[PDB]
Every structure is written in C-alpha cells, then in structure tokens.
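See below for the structure under consideration.
Each answer follows from the model by the rule given with it, or from the source it names; no laboratory read-out is quoted. Quick reminder, even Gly has a Cβ in these numbers, built from the backbone with ideal geometry, and neighbours come from all protein chains shown.
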Amino acid sequence: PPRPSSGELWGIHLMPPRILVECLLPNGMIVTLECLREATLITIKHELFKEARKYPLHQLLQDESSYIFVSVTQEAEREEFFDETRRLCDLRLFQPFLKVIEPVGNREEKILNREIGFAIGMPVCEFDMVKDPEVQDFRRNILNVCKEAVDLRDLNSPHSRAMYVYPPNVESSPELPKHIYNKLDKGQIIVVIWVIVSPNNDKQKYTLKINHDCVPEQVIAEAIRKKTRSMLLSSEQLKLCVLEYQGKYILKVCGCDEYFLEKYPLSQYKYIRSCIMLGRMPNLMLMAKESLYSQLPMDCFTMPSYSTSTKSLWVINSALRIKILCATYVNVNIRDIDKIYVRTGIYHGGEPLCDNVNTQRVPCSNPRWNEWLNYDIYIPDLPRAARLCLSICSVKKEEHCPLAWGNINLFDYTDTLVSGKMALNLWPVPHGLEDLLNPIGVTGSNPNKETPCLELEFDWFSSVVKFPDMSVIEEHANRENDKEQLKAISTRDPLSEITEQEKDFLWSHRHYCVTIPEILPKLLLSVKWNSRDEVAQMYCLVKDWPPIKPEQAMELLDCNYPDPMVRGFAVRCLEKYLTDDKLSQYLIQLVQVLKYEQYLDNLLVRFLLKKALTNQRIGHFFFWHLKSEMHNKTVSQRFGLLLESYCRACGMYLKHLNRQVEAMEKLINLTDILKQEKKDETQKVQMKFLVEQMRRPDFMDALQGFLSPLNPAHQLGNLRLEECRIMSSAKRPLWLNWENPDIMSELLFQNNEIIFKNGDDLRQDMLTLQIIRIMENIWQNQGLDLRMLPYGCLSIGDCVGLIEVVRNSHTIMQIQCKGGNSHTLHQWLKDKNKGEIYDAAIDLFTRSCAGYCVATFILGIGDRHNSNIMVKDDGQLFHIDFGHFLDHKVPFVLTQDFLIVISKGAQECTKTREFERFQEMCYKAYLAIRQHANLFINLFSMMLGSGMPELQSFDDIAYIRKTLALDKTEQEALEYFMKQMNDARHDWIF
Amino acid sequence: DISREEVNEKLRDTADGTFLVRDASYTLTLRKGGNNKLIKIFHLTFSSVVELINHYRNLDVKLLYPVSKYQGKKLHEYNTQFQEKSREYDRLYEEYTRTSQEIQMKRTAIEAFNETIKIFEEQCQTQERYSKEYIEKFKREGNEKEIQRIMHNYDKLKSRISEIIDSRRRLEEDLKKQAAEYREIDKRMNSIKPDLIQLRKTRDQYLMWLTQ
Ligand SMILES: Cc1ccccc1[C@@H]1NC(=O)c2cc(NC3COC3)cc(NC(=O)c3csc4ccccc34)c21
Ligand SMILES: Cc1nc(NC(=O)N2CCC[C@H]2C(N)=O)sc1-c1csc(C(C)(C)C)n1
C-alpha cells in the first residue's frame, strides 16, 4: 500500500545529519556503519566494503561493483536500488538498514517497474497479485490502446514525435472576432524573430510585419527573405532558396517551451492571440529542425510481462429475486439501537426501477435474515446498467439511520447475470448523507476486509444467463403545431422539470425528434427503463442518431445517463468532434465521469488514454488529475490501474514526472515538519530552519531543473533562495522562486514564482477557475471584450496543491493600507500608467471589473472581502482564493471606489458617459452566459461524483438557475439582473 | 410556490401515492416507484379541481395519502440542543477519520516488519551456509579467538531479529487496542446521527423576519 507520510523513515520526518545504518553483507555478517543522510549509495557501498574487511569471512566478498543494495520501503515492498546515485534520505526506507546482494533476472524490466510505481505512488507488483478477472483483463487488454498510440506517434517519426511532446498551443477556430481584427494594423502583425549564431549568445533581431493568417513556415520565409536582401540574387533565386530552407527551421516562443510545429495561422496560436489583445510584441526564436529533433528521445514502447451453456436474458420467465442471508459485523450501542434490517433496491443510475423492498427486523447481536426478497420487476425488463443497491439500517420505527452501504452490478463486464453465493464488504456512510441507500457511490466490495460483510445469494437458473447481443434487440423493437412545444423544451435547462404529460408527449413523437438532435437528453429522461420493449426502441433511435456538439454530448456522460448505448453515442460524438483545445479545458469533468462508468474497460477511458498518449500536454494533466484522487480509497484501484497503463506507454515523460513527483514529496515533507513539530516556533526560527534544509544537496538537486506541474512549458532551473519564504497563513504555504534557464528568459519569464500550499482542498478553486476561463472564452468569441484572469491552480493530492503567482499585482486592501479614500485607488492606477497608456489601462480596468461582477454574481461568489480582489499594475482586476469563501458559508462587489476609476472623473458621479457603457457591458455579459446556461449546468452536474461538500446533489446546483433567472422571459432576466446591479450600491479590518 | 428541494424532503420515507398541490411560475406532485412525479393542472371535463381530485382518491394512479399544512421560545431551547449534538458528532468524526488513517498506517508497518524479518532470517541462513566451512577450518587449526568473532557477530544478528520481532508484536497489540477504540467511536456516532435526523425536521419553523 502507498506510504502515509513523506518522511525519510517510518515515524521520522527528517533523518538527523548522521545515521547508523545496519548493513547485511553477502557472506553473512552484520556491520553497523555511520553514514551521512545525504550520502549516495556509491559512497555508502565503498565505505562498507572498506570497513567489511575488519570482519570475518572477508575473503568471500567480491568486488563491490558486482553487488547492489536491497531494503524495505515505507510501502512494505522490497526495492532493489540499481540507481546508486540516489541519496539515503531519498530512498524512503522503512528502517535504516541495507542488504548487499548480487542482482538477478531482467534488469531494464525491474527498473522501469519501479519508475512506473514511483510516479503512480503504488508498487506494480501489487496489481500482479490481485485475484480479479476484470482487473487482470483490463491490464492485458488496455495495452491495445497503448499499442495504437505508440504506432500513431511514430508515423512520420521525426515530426510526429516532436508534435506529441510540443503540441501546438492553438485556439479551436481560425476565424478571430471582429474586435480582434481592429487590434491588427491593416490585417497585419509586427513580429520579432531572434537567432543565436555562435557559442556565446550573440543575438540578432528580425522585426517583420506579416499577415496575421500566415503559417509558421511563411513567417520563417519572411525571415529568410530579410537575411537574403543584402545578397544579390534574382527574384526567382530568392524563391529557390526560401522554398527549400522554409522547412529546415522551427519557431519557438522566447522564454518557454512552446513550438509552432503545425501549419495553423499565426493568429490561432494562443500566445500570438494574447499579444494581439494585450497589444504586445511577439518575440519568437528561430531554431534548427535537427537541433530539436535530436533532443527527442528516440523512444520505443515494448510490451511488459503481463499479457459453458448460456441463454439470453429474455428467455427466462420470472421476476428478479435476491436472498439476504446474514451480516458478519455490526458496530452498534446494543442499548440505544434495538434492531437492524437490510433495505434493498434495484436502480438504473440514480432513479429506481421498482419499489424498494426490506427484510424483517432482527436483534443486532444475531444479524441473520435468510429471506428471499421480491422485486416488482420482470427479469427481461432489466436494462443493461441495472444494479442492486442495499444497506444495513438501524432503528430507535421512530428513527431510521444507515450503518453500512453497498451497491452490486447485476451484470458482469462479460454481460453475465450474477448467480450463486456472494459476500459484500460494505462501506462507511459519507459525511452528511442521511439517505437509507447511497445509489450514487461506487459499485463493488470494500478492499478493506475489516468491515461489515453482508452475505447474500442470487437464483441459479439452468444455464449461465447472459444479456443478448445488439442484433437480436434491433429486431424486436421495429401531430401538428406542437413543434413550438418540442423546440421550447429542447432549449430549457437540463435540471428543469419535465412533467409526465411532457414525457408522454416526447415519447409519442420520438421518431420526429431525430430532426432536433439536442432533444435526446430530454427524450431519454422520458423512457421507461423498466420496459424491455421501450428500451429496445430507444436503442434503435440512438444507433441512428445524428451527432451533437461535444458540449452537449458531455451531459450524456454524467450520473443521470448510465446506459452504455447512451454513453457510447456520447463518447463517439467526442471521438469525432471534440478538439484537443476543447478536450484540455473540460479534462477535469471527463476524468471525474470515469467513476460513473460500471466497468474498468470501456469506450471513454480508451478514448481518454489514446488522447493522453497522443498528446503530452493532455497526458501531463491527465496524470496529475488522476494521481491527486489516488488517496481516495473508492477510486484508487481504477485510477491506479489507469495511471499504470499510461506510465507504461507515455515514454520519456515518465522520467520528467518522477522528478516532479519527487520535488512535490520534499515540499509535502518540509511543510509537514513546519505544520507539526515546528508549529509553535516564531517566523525567524522557522525561516532559519527552512533555508538550512533548502540549501542541503538532497533538496537542491531534487528541486532544481524540473518542469512546473502548473505548466510543463515553464522550466524551473536554479532556486533564488534569498527570495523563497514561508507565507503568513497558519497552514504555512511556501512562496518559491526559480531562475528560468530558457536561453532568452529576459523577454518573457525571468522568474517563475509558485505558491505551494499543504492542507487546504484546492479543488473548489480549481473548478471555479476553470469556469471563469469558459465564461471569458464565451464572451471573447462572441465579440464581448471582457478580460478575466483564471490563474493556474492544480491539486496534486489530498489538500496539497500549487498556485500560479500573478506578478505585479496587489490586493485592494494593500492599496488602502497606504494612505486613507476613493481617489487613492484611481491615483495608484494613474500613478503607475500615464499618458497614452492611462487610456488603455482604464479600458482594461472597466472590462475586467465588469466580468468579475457578472461571473461573481452568476456563481454566487459575491459579497467578497476587499483582501480577495487584486489589481495588476496595467489595470487588470481579478478575484482570488475561492476556497476561503465557500468554507466560511450584496450580490455584486461594485464599489464607489472602482466607479471613480472607470468614470475617471468627478467624485459625485451617479451616471457618466463612460459608466453607461460599463453597464451595457454587464448586461451583454450576463445575457451571454444566460444563453449558454446549459453548458455550465452540465459542467457542475458532472462534478457531483467528485467529493466536494458544496456539490453533492442537483439541489445545490439549482442556485445557478435563480441567478440566470432561466424560468423568466429573456427580457425579464435583464430586468432581474438590472435590479441586482442597482441593489449593489453603497472598522474594515474586523 | 415551494422549492424543488422541499418536495423531495416531504416524500422521504413516505408510502407511494402521497399527494400535495403547488403553485407554478398549480402542480400535482406524487410518490410512485420511489420517485417524484409531476402532473400539472391548467387553471377540464369536470366543473372544478375540487370535484376532480375527489374521484381518483376513490397507469393512472390513486391519491392514497394527503399532505396537511398543520403539525416561539420553546423552539429556541431545541436549537441549543442541536448545537450540542452537532459539535459532539463532528468531534467524533474528526477522531474517527484520524483513527481510520492511523490503523491503516499500523497495518502497512506490520507488512513492512514481516518483509524486514524475512530478509534478516535469510541472513541467518546465508551466514550459517558460509560460516560452516570456516568454523571447521578453525576447529582443525584450534583457533578459538577467531571462531569467537564469527559467533559474536551471529549473536548480534540473531539478537537484532528478536528486537524487530517484539517491535512488530508490540504494534500488532497496539493495533487491536486502536481497532477496539475505533469500534466504540463508530458505536457512539451511529447512536447520535439518528437523533440529529429527527431533531432537524424540528428546524422547520414559522417564518418571521427577526432572528433568535
Ligand atoms: C453549486 C452552485 C453552482 C452555481 C452557482 C452557485 C452554486 C452554489 N449553490 C448555492 O446554493 C450557493 C450559494 C452561494 N452563496 C450564497 C448565496 O448567498 C450567499 C454560493 C454558491 N456557489 C458555490 O458554491 C460555488 C461557486 S464556484 C464553485 C465550485 C465548486 C463548488 C462550489 C462552487 C452556491
Ligand atoms: C493569483 C495570485 N497572485 C498572487 N500574487 C502575489 O501575491 N504577488 C505578486 C506581486 C507580489 C505579491 C503580492 N501581491 O503580495 S497570489 C495569488 C493567489 C491565487 S489563490 C491564492 C491563495 C494562496 C490566497 C489561495 N493566491
């Protein structure tokens, strides 16, 4: 099992400077050697064999080059330390000892296996010992997706490898909004290409002015032409040279690892489109093709070690029946709680297929029922995604409360109906759930066998009952001026109530609906899933359904749509239509919806793992998102088996990921010590402790020269130690600083700053920030020029995360503290940006302020404290720390402060020329989100699975409807919002 | 004009076919399948809603059970006895979550001790294998001063195993101490949570603007 802390030994956070390690020599002897914690295994082995000749049986000991160290780790496994560069402190030992042996078996296999294990945080050999067919099949079978992806990466290998590793960071649509054309100078952008031309950084500029819609090759071509101008050749001799040498070069963003490897327009690359908006100068570096292509690890994925009568369901003429026999364990007062009973029910996702049926009451002391339970459903009428939910329940009659819960799939991954005896280790009830059953939670037995175990039995029939193949089902299955009614439901939100009248209305016109694809979600929640007959018709519909937007397909992957034909349609809509761009931005939701899938092997994971191993930028976040949720016991096995399959095939990025994982562990451990044993000590004492530990060679090596988890394009080079510090908070977050080793850091990122926080759940912030991005994206691509700042935030594990530092930004509180008044906020922004920038920086303030008032309101994150709003020097306003608000629990944050800045004039301003615009911005902004309500509802709907206290049911999400005023006419909703805007007019420390 | 979060509250552990009326932006909800149906009323073969509702009561499904409307300072005493239980519980769940992790830790540290001892026992087999030929050579040569160094070392090796074995065996006992402590925390949780269910339905109260 994973190790529970990041300590250097079991029990101990930090080894002291010198450790006595007990060495087990291969001749038999025990020698007790004093080692430095930082010491390498090379130096330990050398000092061991020196001192080993002072002991008996020394004549037996061969050259130390012939031997390797073996010890037990905190994960309770035998690690063979082949890499003897590793330090003592970094080994993660159980107890301070080492065993000298001669190595055995296949070398590269064993090393790779440890490497896969370290990144995941679980040993590989633990999967090898799992006694489960679905698990062992998943492992053998999933390698097919991996075989595809490796075969896809290596087609036209030089270019296609580079594309994997440095995918173009590009928008979804080439067409750019009209408000962005007007940033350009008569259809054209001024660019600077740079070149290195000698061992020393002898730098040369090339300022070009080129069509925004040029490809990188054409941008290169213009560079070549400019160099060639001094030379005297024909026009058709320029051409010859330019043409051949267009495709020996690659453009790269100065300051980070972002390459222009693909034939997209220059404007479609996010970095350029950002420069156009901000009105900045692009600096790209020119760089030789072979000089990148050589750096590419010539990689190759070789395969690992690991590689009866039936009748259809509809031939069986009976009602479903289950026997509840008895339970092993009940944890109960036996005084206050008298009796206990097993509540049961058959569910299709969250909706139940038939009445619930209970057992008789028994005394807690002897929990044995031994009773056939009768379900009000025919066996054929069972759908594919049907499953049993049950729980043991207590009584005071007067008071019912659930003790342990569990759900079981009624069909195997091989579509076999369950039969015979079966034990089920139950689960503890979640925190604030008082429902008798928990149909939401994972399906299967508890890995922790030290829990209440419920025995039960299912009927045996002549043969092995299987669910029929699709072709058999396809066989069986085979009004005017109410189209105003159909379209009018197909626009209404996914959480809106659809009456039994409107259900019967939709089902009746099902065949028509094929015209209006977007209605499928509404249509499906009208089907009676407890009808073999209705079901089979739908299946024929879904099979011949037109495609739909991904944004809308994503609805069909949440809890409410557990049917595999419904999900398979959805996944197919993504396979075809979802762009890498778009994928990346909804990756949080897509991973989380893997939970709701019934089986390990399925179309969605196969889709995701393909895309993850096809594109490294998706792969990186794919890894983290998954790894972060590994501590969670319900999902660890699946996500583990998945992260295993990825790490196997991902290539050389595993080594990059290990260095990240290692760097985070040190930081976890470092924080843990300050949080626990050094908790009381003053700021001076701690800071003294921190710099001492941060200077050590084990720390410096592990946390220098690795890629940021927030962004793998950003390299983190040498620590600027003098600028690293512990923050003020009682959780002790770490402000870190890095030199940027990129050759031309000066232009873009001289300093990478990251906050490392231990102990606070950052998933809420992570989900909030994602949504602010999409609100900006919707506004921007519709012509509404509102500028948000969804800074970087990543969860790396259980209340451990990183935060991007927005530079040159101060909280409103900061500004207040220095002076004070309304005019001082203005004066600061004027003070900083004067002349022909003052006009542009107020125009930035307005737009940012508007967006974080509309988004703030719709999300219900209004009435925010001043300390939580920041301003960049250039004038961009943004909100921070969305966790700090949703934990603690006026609609808008608009203040007379900011109104002075936007109007930029007389203090006594009710309305102004400038103000009126600002207001019209908000209305257009607000109305833009209202018209995209459905997407945000669905984004939140897919994150119900995820354990978050704020998103546990659809009832929580319904606040969004109230803010958007979806029920009311559009015109009305403007009025509703305008109320809130007006309404939000008007000792600060306490 | 009740909310969608208040229909579900009133259908919870109700028999199927319970019914009630609501205002729309009227809506006749119902309990059947273990669900919440909607059958809206447009405000029509019958000359009333009042006349209409009364027939069905006697897959069109019967209105078995009705919801009724009916069921200051002696509720301000009970909210005080909801603030005690809710603190006491969260404190138990705090202690439950810790103990849960700490048990899981002890269970790893045993597996580890097992694998550690397994290594050290192999060392005894290693040493007895190799020492065998050298012990005999020293017997022949009658060199006790050197057989003492071989035995001394073995005395530390076999001695070190015992120290680890009690370390393991001491933790195995502490596990059973912690496990029991864990069963009693969960016994005291499950015997408070029901109380906090039917002292919540109590929270529903008359609506006045003033607080406390
Ligand atoms: C679920 C939801 C969706 C969309 C809007 C609101 C809600 C919440 N449901 C509510 O009833 C509620 C109420 C407030 N505030 C009180 C109103 O008067 C003060 C705020 C919030 N916001 C969030 O919880 C929220 C914002 S982004 C994020 C990310 C992850 C988890 C939760 C959140 C909601
Ligand atoms: C976006 C963001 N940007 C930040 N930048 C800065 O703090 N500074 C840059 C200039 C100097 C320094 C300052 N103003 O003192 S912190 C942060 C941020 C985002 S979530 C967060 C919590 C840790 C509070 C949760 N914090």
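Just a yes or no: is a residue in region A:860-878 under 30 Å from residue A:521 (Cα atoms), within 16 Å of ligand 1 (Cβ to nearest atom) and either part of a loop (DSSP other than H, G, I, E, B) or not aromatic (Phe, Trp, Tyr) (or both)? Within region A:860-878, one or more residues are under 30 Å from residue A:521 (Cα atoms), within 16 Å of ligand 1 (Cβ to nearest atom) and either part of a loop (DSSP other than H, G, I, E, B) or not aromatic (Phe, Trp, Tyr) (or both).
So that you can scan it fast, the table gives a plain yes or no per residue for (1) more than 14 Å from chain B (Cβ to nearest Cβ); (2) within 30 Å of residue B:106 (Cα to Cα); (3) over 45 Å from the mean Cα position of the chain (by Cα):
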site: A:51; (1), (2), (3): no, no, yes
site: A:55; (1), (2), (3): no, no, yes
site: A:65; (1), (2), (3): yes, no, no
site: A:73; (1), (2), (3): no, yes, no
site: A:80; (1), (2), (3): no, yes, no
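From the list B:134, B:206, B:154, the one residue that fits, being of a type in the set (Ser, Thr, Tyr) and more than 10 Å from chain A (Cβ to nearest Cβ), is B:206. Residues in region A:787-805 that are farther than 12 Å from residue A:769 by Cβ and not in a strand (DSSP E or B) were compared, and the one that is nearest to ligand 1 (Cβ to nearest atom) is A:799. Looking at region A:760-786, which of the residues that are part of a loop (DSSP other than H, G, I, E, B) and either touching a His at 6+ places or on another chain (Cβ under 6 Å) or within 14 Å of ligand 2 (Cβ to nearest atom) (or both) is farthest from the other protein chains (Cβ to nearest Cβ)? Result: A:785. Among residues of region A:1-20 being in contact with a strand residue (DSSP E or B) (Cβ under 9 Å, 6 or more places away or on another chain) and within 13 Å of chain B (Cβ to nearest Cβ), the one that is surrounded by the fewest Cβ atoms within 10 Å (Cβ to Cβ) is A:20.
Tally time: how many residues in region A:805-827 are more than 17 Å from residue A:904 (Cβ to Cβ) and within 41 Å of the chain's Cα centre (by Cα)? Break it down into steps so the answer makes sense when it comes.
As a first pass, look at region A:805-827 and keep what is more than 17 Å from residue A:904 (Cβ to Cβ): A:805-814, A:816-820.
Those left that are additionally within 41 Å of the chain's Cα centre (by Cα): A:805-814, A:816-818.
Total meeting the criteria: 13.
Candidates A:916, A:908: the one that is more than 16 Å from ligand 1 (Cβ to nearest atom), in a helix (DSSP H, G or I) and among the charged types (D, E, K, R) is A:916. Considering region A:811-833, and only residues there that are away from ligand 2 (no atom under 16 Å from the Cβ) and crowded, with 18+ Cβ neighbours inside 10 Å, the residue that is farthest from the other protein chains (Cβ to nearest Cβ) turns out to be A:833.
In region A:808-822, the residues that are within 25 Å of residue A:881 (Cα to Cα) and assigned by TED's automatic domain parsing to the domain that holds residue A:874 reach residues that are more than 10 Å from ligand 2 (Cβ to nearest atom) and outside any helix (DSSP H, G or I) with C-beta atoms within less than 6 angstrom, at least six apart or across chains, in these pairs: A:812/A:869.
Taking the conditions (1) part of a loop (DSSP other than H, G, I, E, B); (2) surrounded by 12 or more Cβ atoms within 10 Å (Cβ to Cβ); (3) away from every other protein chain (no Cβ under 11 Å) in turn, residue B:56 satisfies each one other than (1). Restricting attention to region A:932-965 and to residues that are over 18 Å from the mean Cα position of the chain (by Cα) and polar (S, T, N, Q), the residue that is surrounded by the most Cβ atoms within 10 Å (Cβ to Cβ) turns out to be A:963. In this structure, residue A:337 does not qualify as more than 30 Å from residue B:189 (Cα to Cα), within 11 Å of chain B (Cβ to nearest Cβ) and in contact with a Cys (Cβ under 7 Å, 6 or more places away or on another chain).
Within region A:878-895, being within 11 Å of ligand 2 (Cβ to nearest atom) and either under 16 Å from residue A:788 (Cα atoms) or not assigned by TED's automatic domain parsing to the domain that holds residue A:949 (or both) holds for A:878, A:879, A:880, A:881, A:882. Would you confirm, using the coordinates I've provided, whether residue A:745 is hydroxyl-bearing (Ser, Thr, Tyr) and either in contact with a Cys (Cβ under 8 Å, 6 or more places away or on another chain) or away from ligand 2 (no atom under 11 Å from the Cβ) (or both)? Against the criterion (hydroxyl-bearing (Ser, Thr, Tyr) and either in contact with a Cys (Cβ under 8 Å, 6 or more places away or on another chain) or away from ligand 2 (no atom under 11 Å from the Cβ) (or both)), residue A:745 qualifies.
A residue that is crowded, with 17+ Cβ neighbours inside 10 Å, within 20 Å of residue A:647 (Cα to Cα) and in contact with an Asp or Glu (Cβ under 8 Å, 6 or more places away or on another chain) cannot be found anywhere in region A:581-589.
Would you mind finding the one in A:741, A:712 that is more than 29 Å from residue A:867 (Cβ to Cβ), within 23 Å of the chain's Cα centre (by Cα) and not in a helix (DSSP H, G or I)? Quick ask: steps written out before the conclusion?
Values: A:741 fails: within 23 Å of the chain's Cα centre (by Cα).
Criteria check complete, one pass: A:712.
The residues of region A:939-963 that are away from chain B (no Cβ under 14 Å), under 20 Å from residue B:5 (Cβ atoms) and either assigned to a helix (DSSP H, G or I) or near ligand 1 (Cβ under 9 Å from one of its atoms) (or both), listed by number, are A:940, A:941, A:943, A:948, A:950, A:951, A:963.
Identify, please: which residue in region A:789-810 is more than 12 Å from ligand 2 (Cβ to nearest atom) and of a type in the set (A, V, I, L, M) and is, among those, farthest from the other protein chains (Cβ to nearest Cβ)? Break it down stepwise before answering.
Taking region A:789-810 first, the residues more than 12 Å from ligand 2 (Cβ to nearest atom) are A:795-800.
From what is left, the residues that are of a type in the set (A, V, I, L, M) are A:796, A:800.
On the way: A:796: 19, A:800: 15 Å.
Step by step, filter region A:789-810, then rank; the result is A:796.
Of the residues A:600, A:608, the single one that is assigned to a loop (DSSP other than H, G, I, E, B) and touching a helix residue (DSSP H, G or I) at 6+ places or on another chain (Cβ under 7 Å) is A:600. Restrict the check to region B:100-115 and report whether at least one residue is more than 9 Å from chain A (Cβ to nearest Cβ) and either within 17 Å of residue B:162 (Cα to Cα) or of a type in the set (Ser, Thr, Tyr) (or both). Within region B:100-115, not a single residue is more than 9 Å from chain A (Cβ to nearest Cβ) and either within 17 Å of residue B:162 (Cα to Cα) or of a type in the set (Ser, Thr, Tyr) (or both). With respect to the conditions (1) assigned to a helix (DSSP H, G or I); (2) under 28 Å from the mean Cα position of the chain (by Cα); (3) over 30 Å from residue A:427 (Cα atoms), residue B:78 lacks only one, and its number is (1).
A search for C-beta distances below 9 Å between a residue of region B:124-151 that is closer than 16 Å to residue A:27 by Cα and any residue that is loosely packed, with under 11 Cβ neighbours inside 10 Å, counting only pairs 6+ apart in sequence or on different chains, returns B:134/A:59.
Can you tell me which residues in region A:705-725 are within 13 Å of ligand 2 (Cβ to nearest atom) and buried (at least 18 other Cβ atoms within 10 Å of the Cβ)? Walk me through how you get there before you give the answer.
Step one: of region A:705-725, the residues within 13 Å of ligand 2 (Cβ to nearest atom) are A:710, A:723, A:725.
Result: A:710, single match.
Results for (1) in the same structural domain as residue A:549 (by TED's automatic domain parsing); (2) within 32 Å of the chain's Cα centre (by Cα); (3) surrounded by 17 or more Cβ atoms within 10 Å (Cβ to Cβ); (4) closer than 23 Å to residue A:289 by Cβ, shown as yes or no for each residue.
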{"residue": "A:137", "(1), (2), (3), (4)": "no, yes, no, no"}
{"residue": "A:148", "(1), (2), (3), (4)": "no, yes, no, no"}
{"residue": "A:184", "(1), (2), (3), (4)": "no, no, no, no"}
{"residue": "A:189", "(1), (2), (3), (4)": "no, no, yes, no"}
{"residue": "A:199", "(1), (2), (3), (4)": "no, no, no, yes"}
{"residue": "A:207", "(1), (2), (3), (4)": "no, no, no, no"}
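Output yes when any residue across region A:749-760 is in contact with a strand residue (DSSP E or B) (Cβ under 8 Å, 6 or more places away or on another chain) and closer than 30 Å to residue A:182 by Cα, and no when none is. Within region A:749-760 (the criterion being in contact with a strand residue (DSSP E or B) (Cβ under 8 Å, 6 or more places away or on another chain) and closer than 30 Å to residue A:182 by Cα), the answer is no, since none of the residues qualifies.
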